[PDB]
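Residue numbers (the entry's author numbering), protein chains in the order written: chain A, 415 to 596, 603 to 672; chain B, 415 to 789, 796 to 947; chain C, 673 to 789, 796 to 864; chain D, 482 to 576.
Reading through the structure tokens given below for one structure.
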Ligand SMILES: Nc1ncnc2c1ncn2[C@@H]1O[C@H](COP(=O)(O)OP(=O)(O)OP(=O)(O)O)[C@@H](O)[C@H]1O
Ligand SMILES: Nc1ncnc2c1ncn2[C@@H]1O[C@H](COP(=O)(O)OP(=O)(O)OP(=O)(O)O)[C@@H](O)[C@H]1O
Ligand SMILES: Nc1ncnc2c1ncn2[C@@H]1O[C@H](COP(=O)(O)OP(=O)(O)OP(=O)(O)O)[C@@H](O)[C@H]1O
Ligand SMILES: [Mg+2]
Ligand SMILES: [Mg+2]
Ligand SMILES: [Mg+2]
């Protein structure tokens with residue numbers, strides 16, 4: 415009985431949308447009619463735990479000051495003009511529209527130029543939560559879409575794991591080595613803005629809103645990405661360093 | 415016992431069929447005999463709840479007015495005339511008959527043309543409920559069929575959950591990316607889609623969890639696919655496939671300035687007066703940066719320009735941004751497409767051909783040159805990453821060129837003895853297809869006679885061994901490329917007359933066109 | 673079966689949209705050339721629904737589907753040319769091939785590669807499969823033998839360089855069914 | 482009567498109709514309800530699935546459709562042991 419209150423209290427601070435609240439309270443009503451030792455009770459318990467742990471309507475308080483963000487960006491990296499200009503434009507648009515926004519960037523270039531590090535520094539500068547998602551070598555769609563609740567084991571996929579971990583609806587997600595993927605058709609739904617806002621997971625069975633998630637993909641070569649997947653992303657090039665720039669980086 | 419009254423109160427509003435009513439009564443009696451705590455009681459209660467909540471015999475109030483439906487369809491998408499005509503025909507047919515109807519459509523075409531969003535616009539126009547079922551990459555057939563009640567956590571499936579969620583028995587189901595369906599180890603989902611999308615068997619679609627047929631004959635299924643040939647033939651036979659073609663630059667300008675720019679302004683918050691994107695700027699941007707058939711990169715370019723202007727304004731660098739064709743490169747960067755014609759004046763050995771490419775049409779030049787000083797027999801060497809079909813076409817062209825030159829100018833032994841080398845520039849780009857046969861024949865003959873072809877003539881078409889010109893595909897892209905490159909005269913196979921005249925009026929206004937049945941006509945035209 | 677059922681589904685009385693036997697024959701021979709039936713049903717449904725839209729929108733009160741204006745209802749014909757050569761020049765022979773979209777015909781084309789008519799040679803093109811190339815070699819040998827015995831003085835096949843082509847070079851073709859056609863062409 | 486019933490629904494499938502008429506003749510020579518197993522194979526859209534209902538009408542037999550396409554569960558064929566909570570005898574026994 416106390417588990418019902420434990421699930422209920424998680425929704426006090428959240429702003430649960432209507433179509434999610436209906437599922438939540440129908441499972442609440444269902445749970446009272448099952449004995450504790452039954453397996454259906456266990457699966458309903460897990461489903462309620464997953465539904466009530468999603469940060470519905472929780473947004474990290476981003477900083478929209480161009481000066482402070484620029485000072486942070488130069489503090490960590492040297493001479494990556496294109497990425498810094500892109501982030502400044504992102505912050506400018508967010509400030510002008512008065513609300514947070516999501517974008518799909520793709521930093522591609524030779525290894526060792528600092529793509530992962532600049533992504534971490536961007537997450538720190540924007541005051542967003544950060545999460546690594548290594549797609550390199552992934553071969554099963556279950557990592558992104560999960561399995562049905564019927565199976566003994568079940569996952570809501572790595573994206574819902576990120577949502578639970580970061581406790582925010584607008585984190586910064588690093589999807590690295592998109593050119594070394596095995603499969604890719606699950607990523608289209610994840611990062612297609614026409615359906616990104618209603619990403620549906622096979623375990624949750626309820627669509628979550630990922631339109632505010634800032635996806636930052638990194639790759640080494642651009643031709644290996646499938647054309648439909650390459651079409652949905654903004655390709656930003658990170659160039660190699662000349663000897664003078666390498667000397668400056670080493671000194672600083 | 416009160417739960418039985420609840421189930422009755424939920425059923426009695428519905429037009430339940432006889433067999434469903436019998437099953438519900440049987441399970442109600444079975445639940446009545448069971449106690450309140452047994453697991454079988456919980457299973458029976460959940461099954462009867464699933465049977466109850468499904469909307470038997472109730473339909474959404476579908477709209478039947480042609481004018482407002484056409485307006486709603488026009489609010490969101492431009493130029494998708496085939497889909498709009500299909501929807502209007504659907505509405506007219508549903509209006510003539512007394513009841514709503516369901517069909518199985520499939521929109522296919524290149525990416526970024528609007529197949530996904532047009533589904534939503536159609537659902538809004540028809541006033542039907544909308545559901546997006548993304549089967550791309552899916553491999554679990556249980557998503558379509560589900561599991562029996564014997565299993566611990568069985569659920570019906572995606573379609574039955576759609577019916578429960580929408581509370582209507584005639585929703586709009588978008589089976590997104592049906593061509594990307596996964597032939598995995600856990601069954602074959604396409605084999606289940608065969609019966610899900612069977613026009614006759616939809617009335618008796620049977621779900622494993624329910625074990626009761628469900629009438630899906632009024633559900634409107636829309637499938638989206640980028641490529642057709644990968645869909646299984648039994649499944650491809652059931653669907654009514656209609657093509658969503660790409661957009662020409664004339665259409666892309668209207669699409670941009672009517673939909674993309676206002677939406678991008680709303681997203682970025684900029685006013686019209688703060689940053690103006692004039693029509694000429696958009697035309698230049700489309701010409702030099704957005705040659706593809708999709709509209710998902712023009713949108714990115716427009717967003718880039720607008721976000722750069724927004725950063726310029728908010729940082730205080732300026733109160734307004736004046737985008738001009740001169741300074742556009744400062745916002746969008748380096749132009750991508752600059753040169754459209756490699757040869758301004760053609761030397762004797764070259765002929766300007768046409769080619770089909772993904773990013774609009776293209777023009778290729780067939781280059782020939784003598785390889786050894788003296789004009796045992798002659799031989800031909802081909803380079804330029806030609807495919808096997810292109811190599812066979814080159815061999816046939818060489819044989820016919822020899823025959824034609826022997827018949828026309830018996831004293832000219834150039835093609836019989838000389839060692840020829842044929843090359844197609846842009847050697848890094850592979851190329852295939854028999855469309856260049858007549859181009860190769862003309863190149864060989866012009867080299868042999870030492871006469872350059874007409875300075876603005878482009879030709880395409882397969883050539884047989886006896887000189888007949890055969891029809892070729894990709895007429896639209898080739899015509900667009902020829903018009904772009906300043907071609908004034910174009911030669912096409914005579915069997916492509918229907919394909920050429922079906923093009924839009926503004927695409928073929930300035931082109932002199934000759935239709936040929938045999939190569940001698942092309943020879944008379946070129947020289 | 674299909675026309676009455678489509679009329680019942682679309683609600684059009686026979687007097688509102690006439691579909692004669694000749695227009696159905698033309699539609700079948702131009703568009704519905706496969707072995708199944710579903711495509712024919714879809715074409716009939718398209719014609720009837722277009723007539724229904726014409727009637728509803730007030731454009732007309734009666735629709736006549738003549739053989740001339742069937743293109744306005746269905747679009748571009750899919751099959752138009754039945755044979756490539758109306759009269760065969762000396763070097764070609766008409767053949768027959770199996771295809772999924774009903775039967776089809778192929779022409780075997782031969783011509784000289786060098787002017788003089796040392797040993798002769800045969801070049802085979804047309805995306806022919808291994809089996810049909812092997813049959814072409816067999817046909818070349820048998821044609822040599824047959825012309826040796828029939829007309830001893832004819833040295834054409836023995837010394838001339840011959841190119842043999844089967845048109846529609848983009849279409850892959852295979853099978854030994856064309857051996858006699860190749861022999862007769864040579 | 483069986484030939485008339487078969488003709489009014491489908492056209493031109495002479496082999497299947499002849500097979501059904503032979504089945505009726507054999508079932509008529511010996512007074513028993515004969516049962517056989519038949520497989521219909523061919524290109525899509527020829528009338529395999531549809532002819533089933535017409536044959537059932539001609540034979541005056543009950544008709545049931547059991548589509549196994551994409552099915553991976555043997556429990557549909559064989560059911561489950563009655564020890565389990567929600568065991569059911571499978572599709573054939575329910576038919
Ligand atoms: N401009 C820079 N200023 C300072 N340090 C830099 C700069 N560019 C790269 N580095 C450093 O170089 C290293 C590169 O590590 P990192 O993992 O970010 O590289 P990467 O190119 O993104 O890698 P990969 O392609 O393997 O994912 C880090 O130690 C990073 O701090
Ligand atoms: N004719 C058009 N008029 C207006 N906007 C259009 C048009 N065509 C495409 N768009 C816009 O371009 C984008 C294309 O997205 P959408 O998902 O609809 O494309 P798609 O070709 O169906 O994609 P995919 O096949 O990869 O799923 C959307 O923002 C859509 O609004
Ligand atoms: N001989 C026929 N006479 C009349 N209608 C026919 C005939 N053959 C097929 N049809 C009709 O054509 C359609 C074919 O549907 P059907 O279910 O019979 O397909 P099928 O041949 O079994 O194909 P699949 O292999 O795709 O399941 C139905 O509408 C059926 O009524
Ligand atoms: Mg990395
Ligand atoms: Mg889509
Ligand atoms: Mg069938």
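Backbone N, C-alpha and C define an ideal beta-carbon position, used for all residues, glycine too.
Short of 7 angstroms in beta carbon distance, which residues of its chain neighbour residue i, apart from the five on each side in sequence? Order them along the chain.
| i | result |
| --- | --- |
| residue 763 of chain C | 781, 782, 783, 863 |
| residue 581 of chain A | 469, 472 |
| residue 475 of chain A | 541 |
Here's a check: name, in chain order, each residue in its chain whose Cβ is nearer than 8 angstroms to the Cβ of residue i, leaving out the five neighbours to either side.
| i | result |
| --- | --- |
| residue 797 of chain C | 836, 837 |
| residue 667 of chain B | 693, 696, 697, 700 |
| residue 437 of chain A | 465, 625, 626 |
| residue 721 of chain C | 682 |
| residue 674 of chain C | 709, 712, 713, 716 |
Given that a residue counts as buried once 16 or more other Cβ atoms are within 10 Å of its Cβ, and exposed if not, what is residue i?
| i | result |
| --- | --- |
| residue 688 of chain C | buried |
| residue 470 of chain A | buried |
| residue 635 of chain A | buried |
| residue 832 of chain C | exposed |
| residue 443 of chain A | exposed |
If I measure Cβ to Cβ from residue i and keep anything under 6 angstroms in the same chain, skipping five residues before and after, which residues do I get?
| i | result |
| --- | --- |
| residue 773 of chain B | 705, 706 |
| residue 606 of chain A | 555, 558, 559 |
| residue 650 of chain A | none |
Using alpha carbons as the reference points, say which of the options lies closest to residue i.
| i | options | result |
| --- | --- | --- |
| residue 499 of chain B | C:756, C:725, C:741, C:710 | C:725 |
| residue 452 of chain B | D:567, D:563, D:518, D:574 | D:567 |
| residue 485 of chain D | D:505, D:539, D:555, D:573 | D:539 |
| residue 587 of chain B | B:595, B:459, B:545, B:605 | B:545 |
| residue 822 of chain B | C:856, C:827, C:785 | C:785 |
| residue 425 of chain A | A:443, A:436, A:466, A:652 | A:466 |
| residue 487 of chain D | D:536, D:528, D:521 | D:536 |
| residue 575 of chain A | A:463, A:423, A:434 | A:463 |
| residue 919 of chain B | B:492, B:935, B:908 | B:935 |
| residue 530 of chain D | D:550, D:505, D:514 | D:550 |
| residue 571 of chain D | B:564, B:522, B:890, B:528 | B:564 |
| residue 512 of chain B | B:494, B:477, B:524, B:543 | B:477 |
| residue 768 of chain B | B:778, B:757, B:925, B:506 | B:778 |
| residue 842 of chain C | B:826, B:815, B:874 | B:815 |
| residue 579 of chain B | B:608, B:602, B:599, B:542 | B:542 |
| residue 885 of chain B | B:819, B:660, B:691 | B:819 |
| residue 730 of chain C | B:497, B:474, B:510, B:865 | B:510 |
What are the residues that DSSP puts in a beta bridge with residue i?
| i | result |
| --- | --- |
| residue 470 of chain A | None, per the DSSP bridge assignment. |
| residue 801 of chain C | C:841 |
| residue 499 of chain D | The partner list for residue 499 of chain D (beta bridge, DSSP) is empty, contrary to what the question assumes. |
| residue 655 of chain B | B:520 |
| residue 661 of chain C | Absent from the model: residue 661 of chain C. The displayed extent of chain C is 673 to 864, so no value can be given. |
| residue 544 of chain B | B:586 |
| residue 690 of chain B | B:736 |
| residue 781 of chain C | C:764, C:843 |
| residue 911 of chain B | B:879, B:934 |
Assuming residue i and residue j are in contact, meaning their beta carbons sit under 8 angstroms apart, how far apart are those beta carbons, in whole angstroms?
| i | j | result |
| --- | --- | --- |
| residue 703 of chain B | residue 749 of chain B | 7 angstroms |
| residue 640 of chain B | residue 593 of chain B | 6 angstroms |
| residue 881 of chain B | residue 913 of chain B | 4 angstroms |
| residue 616 of chain A | residue 610 of chain A | 7 angstroms |
| residue 518 of chain A | residue 653 of chain A | 5 angstroms |
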